[PDB]
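No Cβ is skipped: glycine too gets one built from the backbone with ideal geometry, and neighbour counts run over all protein chains shown. A short reminder: the numbers here are calculations on the coordinates, not readings from a lab.
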Amino acid sequence: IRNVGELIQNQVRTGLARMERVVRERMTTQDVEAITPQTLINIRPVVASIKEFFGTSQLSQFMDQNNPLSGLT
Amino acid sequence: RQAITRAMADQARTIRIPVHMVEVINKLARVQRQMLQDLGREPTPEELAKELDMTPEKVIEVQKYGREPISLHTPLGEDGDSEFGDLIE
Amino acid sequence: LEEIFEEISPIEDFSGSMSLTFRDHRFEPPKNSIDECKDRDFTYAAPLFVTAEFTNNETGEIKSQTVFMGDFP
Amino acid sequence: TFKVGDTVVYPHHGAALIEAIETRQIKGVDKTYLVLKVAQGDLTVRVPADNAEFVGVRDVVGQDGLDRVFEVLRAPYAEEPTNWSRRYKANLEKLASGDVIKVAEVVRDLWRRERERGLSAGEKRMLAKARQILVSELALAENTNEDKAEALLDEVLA
């Protein structure tokens with residue numbers, strides 16, 4: 001079973017892989033002695049992946065709140 | 001670079017956006033991203049307007065223009081026959 | 001998250017000169033309460049902070065910094 | 001050459017203060033590592049003393065620095081090419097050169113062309129960055145810092 005932790009870890013890993021792709025594109029077009037850790041990295045793919053998992057994904061489901069048994073199930 | 005970005009401005013979007021509008025809107029997008037990575041929070045449109053020296057209503061107008069349409073044939077969920085296209089009147 | 005950050009190895013360019021490393025991750029208290037998020041259509045999230053260093057072997061230069069990685073639900 | 005408790009200026013980050021001296025070894029080779037940090041980017045910079053001149057650090061210039069910067073700040077008969085592309089390619093190179101004099105005529109030219117025509121707002125970002133790094137540099141160079149350093153420029157830039 002992929003629980004919630006492993007699923008969120010996989011989505012964050014995909015976002016981080018996209019971020020590494022973007023930054024690897026960035027370093028090859030950037031000069032040394034002018035790169036700041038605040039600058040070269042971009043967190044947009046990470047938050048995009050997290051919001052793509054939490055919204056409109058078949059695992060992240062609308063919680064059924066009929067009664068406590070429905071919630072526990 | 002000039003021809004590639006001109007073709008991207010002219011033909012990529014379904015609704016045509018002129019090249020100067022495209023360069024304005026993606027400059028605003030990149031400086032908004034710079035603001036986000038600088039202060040770690042979503043800025044108010046007034047701050048972005050005053051730091052770019054345009055009116056806030058112009059900023060609202062251009063980020064309303066800078067939108068991508070969603071296709072009519074998006075599936076709704078588990079059901080396959082029910083499409084998004086039959087829901088609109 | 002420390003596993004997903006240690007898995008991202010210090011990457012190198014084609015010359016093997018400069019690298020960045022995400023050492024430690026930390027969390028801040030959320031800016032909104034649970035009822036406040038449940039009321040005004042917010043996402044119950046907290047900011048995620050990581051310590052990142054930028055190491056170049058040729059210059060011997062290390063840039064340790066803390067960078068906002070995104071609002072973590 | 002380099003001590004503890006003094007201030008040295010680093011490129012692309014402005015002036016900074018040295019915290020202490022560490023003995024960090026890189027690639028298994030012991031080096032005289034010096035550590036310093038700045039309050040702008042909240043980052044710590046570790047540079048060994050052997051390649052300090054090679055990486056491009058400079059000490060704080062004393063009285064000689066303000067007189068020459070003021071003299072260039074007021075130098076007339078400054079000319080630039082008509083095409084904006086060559087000047088655009090030259091300004092960031094002169095900024096990355098790291099010279100105080102060079103960034104002085106760069107910011108003077110940028111300020112005068114921004115006031116006479118009102119070029120755009122995209123270049124205003126690096127204009128403000130250059131203004132911030134120069135006012136951080138002259139904070140120790142001219143012995144005037146923070147608001148006082150900003151105030152001194154307010155009446156000598158014209």
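Cross-link reach is defined here as a Cα-Cα straight distance under 18 Å, omitting same-chain residues fewer than 8 places apart; for C:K38 the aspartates and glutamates meeting it are A:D64, C:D71. If the cut-off is a Cα-Cα distance under 19 Å, which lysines reach D:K27, setting aside same-chain residues fewer than 8 apart in sequence? By straight Cα distance, D:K27 reaches C:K63. Test of understanding: in a Gaussian network model of chain D with alpha carbons linked when under 10 Å, which of D:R117, D:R68, D:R108 would top the mean-square fluctuation ranking? Among D:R117, D:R68, D:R108, the largest GNM mean-square fluctuation belongs to D:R117.
Over the stretch D:7-146, the Kirkwood radius and the radius of gyration, each from Cα atoms, give a ratio Rg/Rh of 1.03. Top mean-square fluctuation among B:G66, B:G40, B:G77, Gaussian network model of chain B, C-alpha springs under 10 Å? Checking each option, the largest mean-square fluctuation is seen for B:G77.
Charges were assigned to the Cβ only: +1 to each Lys and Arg, -1 to each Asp and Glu. The resulting dipole of chain A about its Cα centre is roughly 100 debye. Placing +1 on the Cβ of every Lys and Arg and -1 on the Cβ of every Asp and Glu, with nothing else charged, gives chain B a dipole about its Cα centre of roughly 780 debye. Ranking D:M126, D:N83, D:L138 by how far each Cα lies toward the positive end of the dipole of the stretch D:58-158 (charges on Cβ) leaves D:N83 at the top. Counts of other chain beta carbons within 10 angstrom of each beta carbon in peptide B:52-63 average 1.
Of the residues D:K129, D:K102, D:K89, the one that moves most in a GNM of chain D with alpha-carbon contacts below 10 Å is D:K89. Remark: the protein assembly as shown carries a charge dipole of roughly 1040 debye about the Cα centre, counting +1 on each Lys and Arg Cβ and -1 on each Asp and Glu Cβ.
The mean number of Cβ atoms from other chains found within 10 Å of a Cβ in peptide D:34-43 is 3, as a whole number. Comparing B:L72, B:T44, B:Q11 along the charge dipole axis of chain B, the residue lying farthest to the positive side is B:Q11, per the Cβ-charge model.
Counting beta carbons within 10 Å around each of D:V156, D:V72, D:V61, D:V8 and listing the fewest first gives the order D:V156, D:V72, D:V61, D:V8. Mean separation of Cα pairs under 8 Å and 6 or more residues apart, divided by the residue count, gives the stretch D:1-134 a relative contact order of 19 percent. To the nearest 10 degrees, how steeply does helix A:4-28 sit against the main Cα axis of chain A, on a 0 to 90 scale? Roughly 20 degrees between the two axes. Restricting the calculation to Cα atoms, the protein assembly as shown shows an Rg/Rh of 1.01 when the hydrodynamic-style radius is the Kirkwood one.
Between B:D38 and A:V23, the modelled labels are 2.2 nm apart [label points 7 Å from Cα along Cα→Cβ]. Each of A:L7, D:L36 has some number of other Cβ atoms within 10 Å of its Cβ, and from fewest to most they run A:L7, D:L36. Here the average projected area of the convex hull drawn through the C-alpha atoms of chain B stands at 9.1 nm².
Sequentially through the stretch D:10-16, phi angles give Karplus couplings (6.51, -1.76, 1.60; θ = phi - 60°) of 10, x, 6, 9, x, 6, 8 Hz, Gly and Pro residues having no value and appearing as x. Separation of the alpha carbons by more than 22 angstrom is noted, of C:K31/D:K129; D:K3/D:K31; D:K89/D:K124; B:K50/D:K124, for C:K31/D:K129. Note on B:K64: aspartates and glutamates with a C-alpha under 20 Å away, same-chain residues under 8 apart excluded, are B:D10, B:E23, B:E42, B:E46, B:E47, B:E51, B:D53.
Put simply, the convex hull of the Cα atoms in chain A casts, on average, a shadow of 6.7 nm².
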